[PDB]
Amino acid sequence: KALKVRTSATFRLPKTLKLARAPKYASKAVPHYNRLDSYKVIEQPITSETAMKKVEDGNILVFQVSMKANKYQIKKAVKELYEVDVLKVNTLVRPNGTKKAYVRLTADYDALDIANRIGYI
Amino acid sequence: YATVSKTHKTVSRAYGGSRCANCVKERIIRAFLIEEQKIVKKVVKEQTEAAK
Amino acid sequence: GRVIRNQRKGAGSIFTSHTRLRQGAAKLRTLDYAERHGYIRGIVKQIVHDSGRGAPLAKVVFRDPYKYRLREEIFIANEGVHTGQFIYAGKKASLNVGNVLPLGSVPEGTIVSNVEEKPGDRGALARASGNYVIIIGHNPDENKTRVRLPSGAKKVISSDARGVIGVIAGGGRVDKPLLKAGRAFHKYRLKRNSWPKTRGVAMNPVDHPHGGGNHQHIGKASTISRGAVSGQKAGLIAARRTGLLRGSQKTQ
Amino acid sequence: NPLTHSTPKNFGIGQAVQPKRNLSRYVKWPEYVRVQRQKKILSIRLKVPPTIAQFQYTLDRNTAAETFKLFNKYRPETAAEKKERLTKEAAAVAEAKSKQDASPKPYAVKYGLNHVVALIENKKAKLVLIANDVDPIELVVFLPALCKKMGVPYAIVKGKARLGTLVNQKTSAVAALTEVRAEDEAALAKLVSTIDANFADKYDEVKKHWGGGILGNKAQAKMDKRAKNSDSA
RNA sequence: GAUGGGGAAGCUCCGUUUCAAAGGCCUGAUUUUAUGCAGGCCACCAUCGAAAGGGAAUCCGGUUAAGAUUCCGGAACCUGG
RNA sequence: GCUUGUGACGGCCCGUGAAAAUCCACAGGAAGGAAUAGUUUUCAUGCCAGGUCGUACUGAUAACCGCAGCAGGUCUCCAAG
RNA sequence: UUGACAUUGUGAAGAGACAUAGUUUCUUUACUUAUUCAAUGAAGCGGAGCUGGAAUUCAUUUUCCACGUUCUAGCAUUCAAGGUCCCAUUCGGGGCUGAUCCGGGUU
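Protein sequences, first through last, are from chains A, B, C and D. Those letters in the first sequence? Residues 1 to 121, by the working numbering. Those letters in the second sequence? Residues 1001 to 1052, by the working numbering. Those letters in the third sequence? Residues 2001 to 2252, by the working numbering. Those letters in the fourth sequence? Residues 3001 to 3233, by the working numbering.
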């Protein structure tokens, strides 16, 4: 028969079928459970004289937070665990390797009340 | 220039925010004349062909 | 002994070219079909200053003969070429200052810069300010051609080898005295780390053959043999003659 | 004719972007292609010795077709057939009880290089099919000698894989025949004779013809019209 | 400074787009369903290398024992969806 | 006036004084789109969203380097009469 | 650096013996396939023919050449319009031509 026609002088890699993985046996045997549930996210409250005076005039909820977790994971955790909507979350890494969340509860809720619920006064 | 309405990046003639009118003028005159003289020297060499 | 300066230059470190500001490598179009059988046109859309090269370059722009796009070329602007000018390149092309002709297509006495050695290498000879080559005759069968280079040497190269009509701009650049150290300083600022230069006779025998002595002096013949080895070659290497050139030179 | 125009186009150096063409003659193949090609080139540019190149003289479509016909009439047992035969003597012989000769004398093409060679030496094979594309050529180049020495008709057949087909293998260096059913018997000498016209009888005259040395066209054209001009003034 | 490679007994050395079969985007093809491929361009080829170079976008006021163009109050602006 | 910013110019060079990401525009016309209804999200208004890390203080005749709370050394901005 | 040997093959002219037949050995020069240099998104090579027509015809062609672009600092891209062949006619789509054949040695 006949050859082929090539409108270009550049032999490029013949596009080939990419077959995917069919593991004839497992990766791990059991998927690792959630490594950062909300119980791990927020670790302890922070009850400084200045941190309470944050909760007085601020409607703020200070927490010691897992340094593996970011703004989103702290919002979702505060919400789910303390039953609140959250306006914004400000964070910082205090000089001893711990995350200090400066959560601010939306206007609706009162952080003051929310303290003596969880139990620190 | 991406935070701003198109009328800030153009003037309403062809070749707006590109060339400067006075340039587009030459672009035109040079275009017409040369496409014209590109006929004069056709008919001319026609004559040289049909007669030599 | 120490290793002498002219040894440490070739490891190339502090010595390498001062390349940051250079416009690009100036060379002719690739030798293709357009230039092989006929001619092709271009606009010198700019002649500009290359740093560390006292002869201006000409940016010449072309159409690409295979895709719809512009190609830009960097030339060494010959003397007289101007912005806007058209440039023709290839076998059948006019004999005007600027165009590029296979050395065959020119008669005895044409003058051409950036001329190739082997054809196709995009240029190699008489590329400096003022420099040009002259054609002193062709050998039609065995299509060679013969030229007198800047250094008056009588070489023969292919007739299909290309050159560009005229001499190179910025001539007699070397007539104005540098006057002062700084002007030399700034000259080599954009060339290479070879200034200022210290005299070997002013250094120590560790540092040089000429190095050492209670009197400052070369201490032995400064004409060094070709077969000398690194560390040795300083002074007048392989000199077939030496001393003040009495008489009219030129080439025989 | 209506609102349409004929504008041709001028693809002639210095105008009009070139039209797509068939640059097949120019493409930059992968080196695995360059090396399998330039080998073929290098194979013939050199004067090749006449103990090789007595190959490259390969059988023709006609004669080979009937020689492939006659050989396909002698395939070896397929996997199934032998199982079929197996349980035809597993069932029998153990009950019917015949001295392993509850089975007919088999008739097939002999193969495997090492097998065939010993057969040629034992003067027992009658027709030898030597492949011509055995890449370590040294495997099979001594079989034209062996046959002519042992007085067996041989034939350098085109197709080492095709040779394999008629014997249930991907490939085979050689095909052979020691036996031929009484039917095909007389039919054999026809194909043997035809063969010995192009091979077994030529040999000695081909053993002294150094093959190859053949030029490629760009420098064959060079010579071709060089010995035309400077002679016919 | 990896990679194809070429050096080197070897630690490794050379080289950086270089004698390499080097990749991925529009979205259509679907109305078996979620992604094969139908066009088509592209050969653009690692990567690291500036807290003074380049550079999307925030200001005023108030406030702390110690923080702020980062909190609060007000008033904007940018980018992505 | 001082400092500082910007302009239009001018002197100088065998010195003629980086890149790249990125954003825009244009030439182009592949396409796609209405009369009972299409088009537009470079016009206005409207919704959501913006992770990670650094953020204290010293910067020196005591928080740095000089065995030290050493007459040394250590880049810089603001600058009243 | 300079010599020999290996990488190292292939022709032709001329010398070198058994001493004026060719196996073999070299001084001059050819060959390309090893080896070496160069450039390019390996792009238009080499061979043949269309036309053209200088050529001078010494049978009729014995040939050599050329075979898209040069006043202008414009524009040149959608496998290309034109031609024409098909689907069983859509809206869209392809073949051939346009763009001469032949050899796959990128040059």
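Every residue, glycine too, gets a C-beta built ideally from N, C-alpha and C.
Buried versus exposed call for residue i [16 or more other C-beta atoms within 10 Å across all chains shown]
i	result
C:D2160	buried
C:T2145	buried
A:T50	exposed
D:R3181	exposed
D:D3224	exposed
C:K2059	buried
residue 3253 of chain D	There is simply no residue 3253 of chain D to check, as chain D begins at 3001 and stops at 3233 in what is shown.
D:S3172	buried
residue 2256 of chain C	Examination of residue 2256 of chain C is not possible in this model, given that chain C is present from 2001 through 2252 alone.
A:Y25	exposed
D:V3128	buried
D:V3117	buried
Beta-carbon proximity check, residue i vs residue j, cutoff 8 Å
i	j	result
D:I3052	C:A2034	no
C:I2165	C:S2129	no
C:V2115	C:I2087	no
residue 3243 of chain D	A:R12	Absent from the model: residue 3243 of chain D. The displayed extent of chain D is 3001 to 3233, so no value can be given.
D:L3177	D:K3126	yes
A:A111	A:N59	yes
A:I74	A:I42	yes
D:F3071	D:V3109	yes
C:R2002	C:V2206	yes
C:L2057	C:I2047	yes
C:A2238	C:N2006	no
C:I2224	C:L2236	yes
A:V103	A:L61	yes
C:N2143	C:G2104	yes
D:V3157	D:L3046	no
D:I3195	D:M3150	no
Any non-hydrogen atom of the ligand COA closer than 7 Å to residue i Cβ
i	result
D:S3043	Annotation note on the ligand COA: not contained in the displayed structure, which lists no ligands.
From the options, residue whose alpha carbon lies closest to that of residue i
i	options	result
C:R2053	C:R2240, C:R2127 and C:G2120	C:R2127
A:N96	A:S66, A:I118 and A:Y109	A:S66
residue 3240 of chain D	C:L2070, C:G2137, C:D2141 and C:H2138	Here chain D comprises residues numbered 3001 to 3233, so residue 3240 of chain D is not present and cannot be evaluated.
D:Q3056	D:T3063, D:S3230, D:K3040 and D:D3196	D:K3040
A:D37	A:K76, A:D113 and A:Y82	A:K76
D:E3077	D:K3105, D:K3069 and D:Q3054	D:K3105
C:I2135	C:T2016, C:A2124 and C:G2163	C:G2163
C:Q2232	C:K2250, C:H2208 and C:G2098	C:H2208
D:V3167	D:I3214, D:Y3026, D:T3058 and D:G3112	D:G3112
C:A2055	C:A2239, C:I2076 and C:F2062	C:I2076
C:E2072	C:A2234, C:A2011, C:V2061 and C:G2080	C:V2061
D:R3061	D:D3184, D:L3215, D:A3155 and D:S3103	D:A3155
A:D108	A:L19, A:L87, A:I46 and A:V93	A:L87
C:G2152	C:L2125, C:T2242 and C:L2101	C:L2125
C:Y2132	C:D2141, C:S2113, C:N2143 and C:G2247	C:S2113
C:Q2252	C:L2190, C:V2174 and C:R2148	C:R2148
C:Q2216	C:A2202, C:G2137 and C:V2174	C:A2202
Opposing strand residues paired with residue i [DSSP bridges]
i	result
C:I2135	C:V2147
A:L92	A:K100
C:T2223	C:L2236
C:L2070	C:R2063
C:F2075	C:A2058
A:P45	A:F63
C:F2086	C:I2043
D:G3211	D:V3048
D:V3128	D:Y3154 and D:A3176
| query | Below 8 Å, can you find three or more Cβ-Cβ pairs linking the segment 3081 to 3090 of chain D to the segment 3129 to 3148 of chain D? | reply | no
| message | I'd like to know if the segment 2149 to 2157 of chain C and the segment 2082 to 2093 of chain C are in contact, where contact means that at least 3 CB-CB pairs between them fall below 8 Å. | response | No: the two stretches stay apart, fewer than three of their Cβ pairs being nearer than 8 Å.
| With contact counted as at least three CB pairs below 8 Å, one residue from each stretch, are the segment 1016 to 1036 of chain B and the segment 2169 to 2184 of chain C in contact? | Segments in contact, no.
| message | Three Cβ pairs or more, each shorter than 8 Å: is that satisfied between the segment 3201 to 3212 of chain D and the segment 3156 to 3163 of chain D? | response | With a cut-off of 8 Å, the segment 3156 to 3163 of chain D and the segment 3201 to 3212 of chain D do not count as touching, because too few Cβ pairs lie within range.
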